[PDB]
Amino acid sequence: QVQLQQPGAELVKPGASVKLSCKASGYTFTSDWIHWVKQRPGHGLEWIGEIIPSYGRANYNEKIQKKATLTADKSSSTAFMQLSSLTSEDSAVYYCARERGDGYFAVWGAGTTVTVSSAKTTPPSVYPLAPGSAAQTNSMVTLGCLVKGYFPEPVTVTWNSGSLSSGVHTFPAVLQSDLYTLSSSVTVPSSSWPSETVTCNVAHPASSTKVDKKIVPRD
Amino acid sequence: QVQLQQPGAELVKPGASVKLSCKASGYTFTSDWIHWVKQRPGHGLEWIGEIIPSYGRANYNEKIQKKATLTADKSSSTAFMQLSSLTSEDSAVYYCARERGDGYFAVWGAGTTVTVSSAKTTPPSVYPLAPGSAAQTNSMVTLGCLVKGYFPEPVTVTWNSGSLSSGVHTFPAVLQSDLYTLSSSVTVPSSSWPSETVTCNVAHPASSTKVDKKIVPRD
Amino acid sequence: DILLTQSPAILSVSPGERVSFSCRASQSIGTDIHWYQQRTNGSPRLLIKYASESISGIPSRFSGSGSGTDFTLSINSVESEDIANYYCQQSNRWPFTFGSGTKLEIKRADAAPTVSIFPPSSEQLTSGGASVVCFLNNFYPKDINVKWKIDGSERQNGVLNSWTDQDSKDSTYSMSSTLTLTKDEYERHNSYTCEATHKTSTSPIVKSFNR
Amino acid sequence: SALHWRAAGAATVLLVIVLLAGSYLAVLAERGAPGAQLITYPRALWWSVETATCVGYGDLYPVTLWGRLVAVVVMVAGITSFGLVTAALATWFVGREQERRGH
Ligand SMILES: CCCCCCCCCO
């Protein structure tokens with residue numbers, strides 16, 4: 001079971017602050033340290049700081065401007081990171097990781113995508129992508145779903161509630177006028193559709209919305 | 001007397017495995033380590049691993065893909081190296097060496113030539129090389145023997161059972177259509193032949209054959 | 001602070017070949033180096049700890065070596081699932097630090113793209129909008145050009161493209177091209193066509209549909 | 001069981017406790033100090049033992065005030081503990097010799 005649970009996203013206005021959480025499960029030792037790593041789009045892993053919950057002591061990366069404050073709650077086994085007075089430079093995925101006091105990060109959280117912007121949250125509109133009438137099919141058929149007009153990132157697209165993983169491409173989003181848009185592609189044996197159902201599940205953590213969209217032949 | 005005895009060759013089919021041996025004689029101490037070194041044609045010495053027979057512990061080179069497994073037999077004073085699932089990349093001479101636990105290889109084995117190929121073993125045909133009738137001789141005469149059509153390498157060519165070492169050249173083999181061929185040259189005072197016999201001894205370890213061939217004047 | 005240099009930043013290899021990633025520390029750190037694998041949009045994953053110790057759950061083709069200042073992460077016979085970014089990290093001295101990372105690329109066989117064009121949905125039209133989507137799937141090399149044509153004439157306005165990173169499933173790439181215009185302009189046109197020009201063919205692969 | 005043997009045992013258990021707490025506390029004190037190497041528990045425990053025995057190879061040592069204070073406690077606990085074993089051995093020999101002398 002997931003050892004470290006982090007919220008998917010957080011929208012923050014420039015100047016404002018946010019408190020990210022990291023709920024841990026599994027084995028817990030007094031020698032455990034919870035670390036936080038920052039990763040900006042396209043860049044590498046940058047260490048932010050660490051904290052030892054059993055004692056409450058926290059250390060921070062001295063090479064970068066201090067934006068975080070780490071605390072921990074032993075009773076709820078949760079570690080927190082307060083990011084304050086953010087700017088677009090603080091927009092990135094923030095991972096929490098657990099180290100058993102022996103130097104390596106044995107487990108990482110899924111990460112929370114933080115977006116620092118003035119724009120407003122906007123859930124995505126999900127439209128189906130079924131072949132046209134004159135489209136000739138082969139031994140395989142390609143279907144998809146359009147995820148348009150959302151903010152901020154990200155969205156998680158699955159097929160048939162995750163049971164359909166092979167033959168799936170979810171293209172990187174494209175930003176235009178404070179709104180993102182992407183499409184996801186799925187390919188299955190032409191003989192299996194529409195006999196066997198195909199549905200895309202779109203989760204947009206920033207707005208707590210998860211919508212489904214069944215792909216049916218055009219007619 | 002030879003401290004480390006290794007078989008001359010081993011033919012192995014790609015994918016198959018082979019168990020090389022190294023029988024040691026002479027002084028043996030609980031502090032002895034038997035090492036294995038790999039040397040591909042034209043290349044240098046590459047350390048494979050080591051083992052301490054007195055305890056049975058073995059260590060291996062971490063920089064290369066693990067192909068070996070070292071074991072030892074204290075009663076028969078023999079060290080073994082199991083090479084498994086070989087490819088042409090594993091074709092090379094494999095030496096065993098003894099270290100007294102003080103860091104240097106005081107003694108090395110003659111080495112086992114391992115060839116990984118699908119071809120079949122083939123003993124060599126040995127033909128004599130005596131001067132033509134119109135060949136004018138000087139104070140020295142040159143004789144030889146042709147070692148044709150064998151596989152795999154190597155072959156060891158000696159003259160007069162090894163008693164004739166000076167004036168001998170054994171050319172590197174040449175590969176053509178899954179078969180090797182080489183010639184060995186010997187030069188002796190023209191006055192000594194054919195009065196004093198000259199014979200070439202050809203050993204082909206891969207097929208357990210050792211044949212002789214006396215060189216007599218053409219007539 | 002210990003600087004970890006990972007060079008080259010990108011490594012290209014053919015399927016099945018052995019590959020090695022380099023990590024050089026600015027000072028000696030014994031064997032306190034650890035390696036992580038990060039796939040596209042995934043979180044980092046521990047591969048090797050303390051330079052050469054294997055982790056359970058990690059394929060056997062993964063191994064590490066070295067000590068001092070130079071370390072190596074090796075993959076014996078690389079396959080598509082290995083496509084990702086690889087990072088080293090040190091724990092010898094405070095603070096822990098990470099290397100810049102090396103990307104693994106696999107040079108597979110050339111593959112023509114699978115083109116699929118999609119008309120806008122009935123649901124979308126209802127909102128006064130129309131997006132025509134086209135997929136150029138699973139091709140290799142990554143270089144490819146897409147051209148739109150409306151009623152026989154090339155169209156460029158309203159087109160937005162997106163390219164995936166090399167696919168960890170088959171080492172191919174895919175790209176999407178989306179033409180977006182009001183329901184109005186969409187309604188005053190008949191045929192929409194998407195054409196893909198790829199190294200795999202002199203002639204373009206074309207897919208169209210009439211409204 | 002005579003006093004000295006009891007104190008020896010107690011000294012031993014106490015040393016073990018000091019080693020474990022010392023290892024834990026050294027890491028806590030040293031993390032946060034750029035350049036510190038006494039920052040993971042396994043080697044910290046080893047550092048604590050070679051400190052308690054006063055061997056001090058120099059492969060690991062504290063660079064901070066509190067790490068050093070923790071080190072002093074470990075050193076003193078080790079010296080005291082082993083010193084106490086020596087005193088117990090002396091008492092044992094003194095007792096045996098007094099008997100052998102018929103006193
Ligand atoms: C002997 C008491 C040791 C206490 C160590 C506390 C370390 C705090 C570091 O900031």
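Scope of the values below: all heavy atoms of this structure, side chains included, with no hydrogens, waters or symmetry mates. Convention: sequence-line order gives letters A, B, ...; per-chain numbering from 1.
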query: Does the gap between the ring centers of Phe96(C) and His35(A) come in under 6.0 Å?
result: yes
message: With a 4.5 Å cut-off on side-chain heavy atoms, are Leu45(A) and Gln38(C) touching?
response: yes
query: With a 4.5 Å heavy-atom cut-off, do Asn137(C) and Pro113(C) have their side chains touching?
result: no
Candidate pair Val132(C) and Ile117(C), rule side-chain contact (heavy atoms from CB on, under 4.5 Å), full reasoning: CA-CA 7 Å; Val132(C) 188; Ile117(C) 187 170; 4.2 Å; yes
message: Once you measure the plane-to-plane angle for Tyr192(C) and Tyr186(C), does it fall in the parallel (<30°), tilted (30-60°) or perpendicular (>60°) bin?
response: tilted
query: For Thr172(C) and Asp167(C), what are the C-alpha separation, side-chain angles and deciding distance, and is it a side chain to side chain donor-acceptor pair (under 3.5 Å)?
result: CA-CA 5 Å; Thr172(C) 67; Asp167(C) 196 309; 4.6 Å; no
query: Looking only at atom types and distance, does a side-chain atom of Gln6(C) sit under 3.5 Å from a main-chain N or O of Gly101(C), one as donor and one as acceptor?
result: yes
query: Which atoms form the tightest heavy-atom contact between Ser20(C) and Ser74(C), and what is the distance?
result: OG-OG, 2.9 Å
message: Are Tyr87(C) and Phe98(C), when compared by the centres of their aromatic rings, separated by less than 6.0 Å?
response: no
- prompt: Is a side-chain donor or acceptor of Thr102(C) paired with a backbone partner of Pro8(C) at a separation under 3.5 angstrom?
  reply: yes
query: Which heavy-atom pair separates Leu4(A) from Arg98(A) by the least distance, and what is that distance?
result: CD2-N, 3.6 Å
- prompt: Is it true that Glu79(C) and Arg61(C) have a side-chain N and a carboxylate O under 4.0 angstrom from each other?
  reply: yes
task: Check side chain to side chain contact (heavy atoms under 4.5 Å, CB included) between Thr40(C) and all other residues, then give those that pass, not counting sequence neighbours.
output: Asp165(C)
message: Which residues pass the salt bridge (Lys or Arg N to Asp or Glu O under 4.0 Å) test with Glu123(C), not counting sequence neighbours?
response: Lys213(A)
- prompt: Hey, does the side chain of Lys148(A) reach the backbone of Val126(A) with a donor-acceptor pair shorter than 3.5 angstrom?
  reply: no
query: What residues form a side chain to side chain contact (heavy atoms under 4.5 Å, CB included) with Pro194(A), not counting sequence neighbours?
result: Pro217(A)
- prompt: Hey, what do you get for CE (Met175(C)) to CG (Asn161(C)), rounding to the nearest 0.5 Å?
  reply: 4.5 Å
query: Is there side-chain contact between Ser133(A) and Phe209(C), with at least one heavy-atom pair below 4.5 Å?
result: no
field: Sequence-distant partners of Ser207(A), side chain to side chain donor-acceptor pair (under 3.5 Å), two or more places apart
entry: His204(A), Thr209(A)
query: Under the side chain to side chain donor-acceptor pair (under 3.5 Å) criterion, do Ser184(A) and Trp159(A) qualify, and how do the steps go?
result: CA-CA 9 Å; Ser184(A) 182; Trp159(A) 291 92; 3.1 Å; yes
- prompt: Heavy-atom distance under 4.5 Å between the side chains of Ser17(B) and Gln82(B), does that happen here?
  reply: yes
Criterion side-chain contact (heavy atoms from CB on, under 4.5 Å) on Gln166(C) and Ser174(C), from CA distance to verdict: CA-CA 8 Å; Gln166(C) 188 164 43; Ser174(C) 294; over 6 Å; no
Sequence-distant partners of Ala16(B), side chain to side chain contact (heavy atoms under 4.5 Å, CB included), two or more places apart: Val12(B), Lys13(B)
query: Are any of the side-chain heavy atoms of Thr158(A) and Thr156(A) separated by less than 4.5 Å?
result: yes
task: Taking side chain to side chain donor-acceptor pair (under 3.5 Å) as the test, write out the residues that go with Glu10(A), two or more places apart.
output: none
message: Once rounded to the nearest 0.5 Å, what's the spacing between atom OG of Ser91(B) and atom CG of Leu86(B)?
response: 8.0 Å
- request: Any chance you could lay out the side-chain contact (heavy atoms from CB on, under 4.5 Å) test for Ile205(C) and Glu195(C), step after step, and finish with the verdict?
  value: CA-CA 6 Å; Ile205(C) 292 178; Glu195(C) 326 194 318; over 6 Å; no
- prompt: Between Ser168(C) and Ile83(C), which heavy-atom pair has the shortest distance, and what is it?
  reply: CB-O, 4.0 Å
message: side-chain contact (heavy atoms from CB on, under 4.5 Å) for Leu136(C) and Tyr173(C)? Distances and angles first, verdict last.
response: CA-CA 9 Å; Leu136(C) 305 194; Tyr173(C) 297 77; over 6 Å; no
- prompt: Can you tell me how far CD1 of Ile48(C) sits from CD of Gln37(C), rounded to the nearest 0.5 angstrom?
  reply: 11.0 Å
task: Output all residues satisfying side chain to side chain contact (heavy atoms under 4.5 Å, CB included) with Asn41(C), sequence neighbours left out; order by chain, then residue number.
output: none
statement: Residues passing the side chain to side chain donor-acceptor pair (under 3.5 Å) test with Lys214(A), sequence neighbours excluded, are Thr197(A)
query: Quick one: does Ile150(C)'s side chain get under 4.5 Å of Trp148(C)'s, heavy atoms only?
result: no
- request: Please report the closest heavy-atom contact between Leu4(C) and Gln90(C), naming both atoms and the distance.
  value: CD2-N, 3.5 Å
- prompt: Looking at residues at least two apart in the chain, or sitting in another chain, which of them share a ring-ring contact (aromatic ring centres under 6.0 Å, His included) with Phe135(C)?
  reply: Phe171(A), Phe118(C)
query: Do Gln89(C) and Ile33(C) have side chains that get closer than 4.5 Å, going by heavy atoms?
result: no
- prompt: If every non-hydrogen atom of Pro44(C) is compared with every non-hydrogen atom of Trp108(A), which pair is closest and at what distance?
  reply: O-CD1, 3.4 Å
task: Measure from NZ or CZ of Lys38(A) to the centre of the six-membered ring of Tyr94(A), then state whether that distance is under 6.0 Å and the direction lies within 45° of the axis.
output: no
query: Are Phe62(C) and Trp35(C) close enough that their ring centers fall under 6.0 Å?
result: no
- prompt: Which residues satisfy the ring-ring contact (aromatic ring centres under 6.0 Å, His included) test with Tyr127(A), sequence neighbours excluded?
  reply: none
query: For the residue pair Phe71(C) and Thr31(C), what are the closest heavy atoms and their distance?
result: CE2-CA, 4.1 Å
- prompt: Do the side chains of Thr199(A) and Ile215(A) get nearer than 4.5 Å, heavy atoms only?
  reply: no
message: Please evaluate residues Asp143(C) and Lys199(C) with respect to the criterion salt bridge (charged side-chain N to carboxylate O under 4.0 Å, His left out), reporting the C-alpha separation (whole Å), side-chain torsions for both, the decisive distance (0.1 Å), and the verdict.
response: CA-CA 8 Å; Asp143(C) 309 288; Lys199(C) 173 181 187 301; over 6 Å; no
From CD1 (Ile55(C)) to NE2 (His34(C)), nearest 0.5 Å: 9.0 Å
message: Testing the 3.5 Å rule here: is there a donor-acceptor pair between the side chains of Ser131(C) and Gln124(C)?
response: yes
Partner residues of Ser201(C) under the side chain to side chain donor-acceptor pair (under 3.5 Å) criterion, sequence neighbours left out: none
statement: Output for pair (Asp170(C) CG, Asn138(C) CG), nearest 0.5 Å, gives 4.5 Å
- request: To the nearest 0.5 Å, tell me how far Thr115(A) OG1 sits from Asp90(A) CG.
  value: 11.5 Å
task: Classify the side-chain pair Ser208(C)/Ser191(C) by whether it contains a donor and acceptor separated by less than 3.5 Å.
output: no
